[PDB]
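Below you will find one chain, with nothing else, as structure tokens; this is the form deposited in one PDB entry, and questions on how it binds or moves follow later.
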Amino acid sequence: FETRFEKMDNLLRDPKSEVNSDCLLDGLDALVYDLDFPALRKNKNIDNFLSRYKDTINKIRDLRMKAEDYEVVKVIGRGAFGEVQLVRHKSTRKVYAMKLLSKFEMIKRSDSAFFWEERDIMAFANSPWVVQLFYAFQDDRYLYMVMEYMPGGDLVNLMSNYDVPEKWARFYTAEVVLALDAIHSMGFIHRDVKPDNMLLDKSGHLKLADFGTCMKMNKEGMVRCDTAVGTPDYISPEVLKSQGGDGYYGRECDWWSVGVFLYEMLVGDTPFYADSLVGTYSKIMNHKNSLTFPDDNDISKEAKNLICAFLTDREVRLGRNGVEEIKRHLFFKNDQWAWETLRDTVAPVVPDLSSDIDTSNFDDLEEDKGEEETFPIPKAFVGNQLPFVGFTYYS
């Protein structure tokens, strides 16, 4: 009685627990969604359970957080399985960025387990380098992620609106180095470092916003993966050549991506850019001969040295012996800021905001694409809501 009661109550209250109150309600909610079909209702056990719980689950669906609690202001982002909307909570009047992930697309593409690491990082990181997740909820169609709004926009937008000098490039590269080191300290390899995922707050400081490819390292700081992840232009040779029996790699793959980002910032183009995606694949693998700097040079000797130190083979790449050797590079030597107080110094671009719903730093996007896709009526139990049980988070 006493030898067990303590451990059981911890499991129900703990926000990091798989069996907390919100996760247990997901189980019952998913069960009602997956069983409520006329063909399945022919079973006495399924029919009687639904007649007993369907009405009380409808009360729960109305009481719990739902999409109707939010007022959509504008679509500010788009991805493979959904979009990001600037929302305002109708009751609290608070402004957030809400990410929607299509359950249909996830089940169809057999990609329904990527969001767990993101949910854990964004909710429990408590880092000034990570975009905060306030709430996570769901319905039969979507997963919803109520995150902090980053009004400064992304670094792709900054690079397109500004001719980035080396002093600015030094600031953003150092912020990325510190942001990635925080992720490595949490026990993760990012595997998708790109300026699209790098967002700026109201003060103009950097935060990582996407963690969909994040994977936990072992005690040796390694990961075993048979499938290449990331983006065609920023992918390192070792994660690009991933396959069964040859996909063993460490955190240094994220440092390759920093070199690609630094090159892109100073040159205006990606180092391995090719009109054909396979052309880019060839260039990354042949980095020894494909990496070239343009004849008209405005970029310093130490800036080129950093790009080349990151854009090599993993065994000779900067970062292999820790983050300190990256910090000690001559490119980062300046009299404007210090590594330990960098996020306290004034950013190169500070956003000029007129309201709490100002989206001037975000490009315009389409809202209605007609109608999407839904799951067909099951003839037997399929359990399409089961991989999403335990996603709900509030705290």
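All residue numbers are counted from 1 along the displayed sequence. Rigid core (definition): largest C-alpha set, two forms, superposition within 1.5 Å.
There is another form of this protein, the form deposited in another entry, and it is not shown here; the text below is about that form.
- Put simply, after the core is superposed between this form and the one not shown, 229 is the one residue in 97, 158, 229, 209 with a Cα shift of at least 2 angstroms.
- Relative to the superposed rigid core, residue 352 undergoes a CA displacement smaller than 2 Å between this form and the one not shown.
- Residue displacement note: residue 374 has its CA displaced by at least 2 Å between this form and the one not shown (rigid core superposed).
- Between this form and the other one, the CA-CA gap for residue 209 and residue 227 narrows by 3 Å or more, being smaller in the other form.
- Look at residue 226 and residue 116: in the other form their Cα atoms come 3 Å or more closer than in this form.
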